[PDB]
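Encoded as structure tokens, the following chain is the form deposited in one PDB entry, with no partner shown.
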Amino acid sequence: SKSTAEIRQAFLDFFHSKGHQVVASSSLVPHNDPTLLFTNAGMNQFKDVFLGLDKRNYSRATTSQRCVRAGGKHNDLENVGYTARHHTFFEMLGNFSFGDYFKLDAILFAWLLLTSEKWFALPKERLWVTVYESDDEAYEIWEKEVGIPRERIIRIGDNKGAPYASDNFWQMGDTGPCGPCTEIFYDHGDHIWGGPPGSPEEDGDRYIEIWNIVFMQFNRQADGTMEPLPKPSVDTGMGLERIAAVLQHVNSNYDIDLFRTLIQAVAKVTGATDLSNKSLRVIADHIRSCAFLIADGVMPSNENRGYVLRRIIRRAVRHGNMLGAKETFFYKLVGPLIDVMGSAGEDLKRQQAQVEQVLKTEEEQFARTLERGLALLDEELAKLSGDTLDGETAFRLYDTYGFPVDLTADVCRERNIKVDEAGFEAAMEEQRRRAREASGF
């Protein structure tokens, strides 16, 4: 069928033929807003255009934005390797309307691309749509204009437990452009556990959310106030990996051509013999987030963006150890990654050597203490009464061996053991004030 690269280009070509300006992906590092750790959506670089503070020569655009959702806000790190649909690094295919077309055309564009014989040509029967409970306009558009059976049109209100807090109300953050949205789901088959959106089993991998179409209408204020945007606008986002899985007739993102080739590369450098397991998929995902973050200027450190990068690198190195890696391996995956990304991996190839050295240095540094740290964790788990590793042990693995608390928790999770992360932060704070007491500052 179609490769991931062909699907990415087809999406861009579709909207380009619909008068959309093709705009390059922005960096993973936000422009002078932290606050946000990482670019997590395609609309980020158009934020001020939605607010009406900035205007473009074009009124409609389309992008394939690289996103990282490993802190915040959206943090999907603990889903990586457990679900069929979650990555840290992923490309969000988006079309944008800046005071141009609104709900009807946005919905028609998406449906045409998905179901048309000229385009993706997906069977209408396997597509479910959600709307915001109060969004009657979106409901009637799906029902009367598109012709979706009412059975597969699901109203969702404030299911997160506060007003405007909803799976069908997309918000950028505590402030910024937002509005009710309509989301398109794909039924992967009854052989997979899961229910439709709204069911107690909606988290299953059967009904996977493919495309989120946001009808930008409000600028959310600090005080929780919704202030109307000057011009109603559209912000859409479709996971390239998720739509690629659908189009390549597989349930999992890790079964698409890109991740198949990438997982094969991981197995080659680690010596893994399994077709697929948690570690293989985690490392394949982690190299994408680590390599692209460094290419975008993020350097490993013990604070802020750098520490998130450091956490991901070291968790990937841990999984390499699980697979039985004998030598430094992580940096050897940059080449293979560049090859599978195509045009989306050109900002990376530009600095291959630099990214490779950073990852090599980082792994070698962590390798000093990794195995001795894993041995300590194993002897502490062997004498652990209860289901929770204490904070002192987690602090020790951090202070001496450089184990991030979530890395320690990742290992313990695989054995049904929890981590007292409150006791860890307490032990962390106690060290901070010892430094304050001793230093005087």
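Under this definition, the rigid core comprises the largest set of C-alpha atoms superposing within 1.5 Å between the forms. Quick note: we count residues from 1 along the sequence shown, nothing fancier.
Just so it is clear, the following notes concern the form deposited in another entry, a form of the same protein that is not shown.
- No residue in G224, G324, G342, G335 other than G224 shows a CA shift of 2 angstroms or more between this form and the one not shown after fitting the rigid core.
- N416 shows a C-alpha shift below 2 Å between this form and the one not shown [criterion: core-superposed Cα displacement of 2 Å].
- Taking 2 Å as the criterion, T388 does not count as shifted between this form and the one not shown: its C-alpha moves by less than this amount when the rigid core is aligned.
- In the core-superposed comparison between this form and the one not shown, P34 has its Cα shifted by at least 2 Å.
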